[PDB]
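1. Pasting an experimental structure, sequence included:
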Amino acid sequence: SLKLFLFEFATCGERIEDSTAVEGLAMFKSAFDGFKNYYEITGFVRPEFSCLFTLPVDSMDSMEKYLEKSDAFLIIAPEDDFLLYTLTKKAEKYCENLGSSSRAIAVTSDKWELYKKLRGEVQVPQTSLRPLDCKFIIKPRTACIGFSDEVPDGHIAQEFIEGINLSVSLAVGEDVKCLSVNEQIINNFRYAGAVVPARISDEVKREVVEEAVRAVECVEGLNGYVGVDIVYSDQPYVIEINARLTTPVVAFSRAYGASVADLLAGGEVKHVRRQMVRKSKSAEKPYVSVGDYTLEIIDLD
């Protein structure tokens, strides 16, 4: 009877804007329903979600008490302002980590540090702390974005790569295994949805997976589920590494007949039924809702 302390920031921590909260809630629900088949889940949720889970209501300020009684933990939280980093570093002092080490998260959380870590090992876009000569967009050094003539303090400048926006879900352990290749649908530099699996050719898939793997092998400490954001122009360009569960995971059960938990446990895909995950306002048939925001998972094609 292994106890898994499961925690997601929007669902169990501080209140965040509904737009982002709906994704966190979806991931927590998905993780809860998946890992509960392999561990006895321990943890708590915010009052607003007391009716959705068979867990007690509590404040994140009391998470130590839960960690002290757990055999493992999995923390899902935004990299923003080193939140994921600090939460993980705190948890590491108690039990086994099913996710990445705080050491690795400190690197992936800072895009400038990640750039220097990856540049000589895998293809990445030109990145700088000042304006670039090539078409570029600015983005916060730490954040889970847009055109600007200048680079404000705390931001990086990064070459804009035109092409297919994707993400690769990997299981990092003794070896690196590809769990899924997802297509990202972006609107105004913001992820509006994902298609699982990606609508790409097999060759493009192979290349994108090859480069995603190459990227994670660069960062010591990554472990468990890791997401890699990539843009395929004429080749794969690694844009970001999320050392934590990412939204596309919510579609795994419907798309593959296997949860991220099943996949991390060595289980294999049972079927392939392409799904579209999308963020919307007051959708009639959502997976989860937060305020007027809804996150849907629907069959595609």
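-> Happy to help now that I have it. Residues are numbered from 1 along each chain as shown.
2. for the stretch 201-301 of the chain, what spans make up the helices?
-> Taking DSSP state H, counting those that start in this stretch as the test, the helices found in the stretch 201-301 of the chain are 202-216, 252-256, 260-264.
3. Which among the ones you listed is found nearest to residue 98?
-> Closest of the helices of the stretch 201-301 of the chain to residue 98 is helix 260-264, at 7.5 Å (criterion: C-beta to C-beta). C-beta coordinates here come from the backbone N, C-alpha and C atoms, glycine included.
4. Which strands and helices lie in contact with that closest one?
-> The contact analysis (3 or more C-beta pairs under 8 Å, 6 or more residues apart in numbering; DSSP states H and E) places helix 260-264 against helix 18-35, strand 164-172, strand 224-232, helix 252-256.
5. Adding mean neighbour count and distance to residue 286, write the ones you listed out as a markdown table.
-> Listed next are the helices and strands packed on helix 260-264 as a markdown table, based on neighbours: other C-beta atoms under 10 Å; distance: least, C-beta to C-beta, whole Å:
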| stretch | mean neighbour count | distance to residue 286 |
| --- | --- | --- |
| helix 18-35 | 22 | 8 |
| strand 164-172 | 23 | 22 |
| strand 224-232 | 23 | 22 |
| helix 252-256 | 22 | 14 |
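6. Of all these, which one is nearest residue 83?
-> helix 18-35 (11.7 Å).
7. Skip ahead from the closest one and say which helix or strand is next.
-> Where DSSP states H and E defines the elements, the next helix or strand beyond helix 18-35 is strand 40-42.
8. Now tell me what touches that next one from outside.
-> With contacts defined as C-beta atoms under 8 Å, 6 or more residues apart in numbering, strand 40-42 is touched by 1, 2, 3, 4, 5, 6, 32, 35, 55, 66, 69, 70.
9. if we can go back for a sec, export the helices of the stretch 201-301 of the chain to TSV and tack on distance to residue 300?
-> Compiled in TSV, the helices of the stretch 201-301 of the chain are given as follows (distance: least, C-beta to C-beta, whole Å):
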stretch	distance to residue 300
helix 202-216	17
helix 252-256	9
helix 260-264	20
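10. Of all those, which one is nearest residue 76?
-> Set against residue 76 and scored by C-beta to C-beta, the helices of the stretch 201-301 of the chain come closest in helix 260-264, at 10.9 Å.
11. Give me the three-state assignment for residue 186.
-> strand (DSSP: H, G, I helix; E, B strand; the rest coil).
12. which ones are touching it?
-> Residues near residue 186 by C-beta under 8 Å, 6+ apart: 165, 192.
13. let's have the chain start at 730 instead
-> Understood, numbering begins at 730; the last thing we discussed is residue 915.
14. ok, now how distant is it from residue 921?
-> 6 Å (C-beta to C-beta, to the nearest Å).
15. on that earlier part again, residue 863: which of the helices and strands packed on helix 989-993 is closest?
-> Short answer: strand 953-961, nearest of the helices and strands packed on helix 989-993 by C-beta to C-beta, at 14.2 Å.
16. Run me through the strand neighbours of the closest one, direction for each.
-> In the sheet, strand 953-961 lines up against strand 893-901 (antiparallel), strand 965-971 (antiparallel) (DSSP bridges).
17. circling back: cross the contacts of strand 769-771 against strands and list the overlap.
-> The strands, defined by DSSP state E, take in 732, 733, 734, 735 from the contacts of strand 769-771.
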